[PDB]
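Notes follow once the structure below has been shown.
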Amino acid sequence: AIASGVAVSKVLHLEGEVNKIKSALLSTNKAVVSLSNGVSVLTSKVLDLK
Amino acid sequence: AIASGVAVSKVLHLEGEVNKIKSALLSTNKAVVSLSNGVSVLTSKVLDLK
Amino acid sequence: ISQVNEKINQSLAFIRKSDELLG
């Protein structure tokens with residue numbers, strides 16, 4: 001699965017960045033979901049005030 | 001950090017792709033913080049109207 | 001209203017985790 005020396009170690013390091021960047025965007029998504037349930041419930045309230 | 005011509009450039013380019021996507025998600029995050037500080041102050045006002 | 005603010009509280013906590021990974 002390997003043969004050197006066209007970057008052995010450096011290819012695994014970018015494979016690590018992709019798992020942090022892949023998990024990073026998941027938290028970002030989950031924020032946009034909370035902010036989305038919040039704006040959903042605020043809208044609901046702005047209606048009961050009308 | 002590379003060895004040619006076994007895709008010297010193509011490993012360096014994707015190594016580049018990861019640096020923009022990392023700054024990219026950083027700007028995306030910065031928006032979700034503003035829209036959230038914004039919805040926070042809008043909420044504050046919808047409360048002062050109630 | 002107090003619950004709309006917990007949604008913003010927990011969305012802002014999700015960005016600091018995102019940014020805690022960058023990195």
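Heads up, the Cβs are rebuilt from the backbone with ideal geometry, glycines too, and the neighbour counts pull from every protein chain shown. Every read-out reported here was derived from the displayed coordinates using simple, explicitly stated rules and does not represent laboratory data.
What residue among B:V6, B:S36, A:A7 has its Cα farthest toward the positive end of the dipole of the protein assembly as shown, where the charges are +1 on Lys, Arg and -1 on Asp, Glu, each on the Cβ?
B:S36
Tell me the label-point distance for the pair A:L47, A:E15, using the 7 Å Cα-to-Cβ offset, in nm and rounded to one decimal.
5.0
Run through all the Cα pairs of the protein assembly as shown and give the fraction in each 5 Å bin from 0, expressed as whole percent.
Answer for the protein assembly as shown: a P(r) of 2, 10, 17, 15, 11, 10, 8, 7, 6, 5, 4, 3, 2, 1 percent.
Work through the residues other than B:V11 whose Cβ is under 12 Å from its Cβ and net out their charges, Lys, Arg +1 and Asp, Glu -1.
So the surrounding residues net to -1.
Above 15 angstrom, tally the Cα pairs of chain B and express them as a % of all pairs, no decimals.
Distances greater than 15 Å cover 66 percent of the Cα pairs.
Might you report the magnitude of the Cβ-based charge dipole of chain A about its Cα centre, with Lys and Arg at +1 and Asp and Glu at -1, to the nearest 20 debye?
My answer is approximately 140 debye.
Cβ under 14 Å from B:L42's Cβ, B:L42 left aside: what net charge do those residues give with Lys, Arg +1 and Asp, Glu -1?
+3
Quick check for me: using +1 on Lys/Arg Cβ and -1 on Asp/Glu Cβ, what's the dipole size of the protein assembly as shown about its Cα centre, in debye to the nearest 20?
The calculation lands at about 260 debye.
Which whole number gives the average count of other chain Cβ atoms within 10 Å of the Cβ atoms across peptide A:5-12?
Neighbouring Cβ atoms belonging to other protein chains average 4 per residue here.
Step through the residues of segment B:41-50 one at a time and calculate ³J(HN,Hα) from phi using the Karplus curve (6.51 cos²θ - 1.76 cosθ + 1.60, θ = phi - 60°), rounding each to whole Hz and writing x for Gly and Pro.
Each residue's phi maps through the Karplus curve to give 6, 5, 3, 3, 6, 4, 8, 5, 7, 6 Hz.
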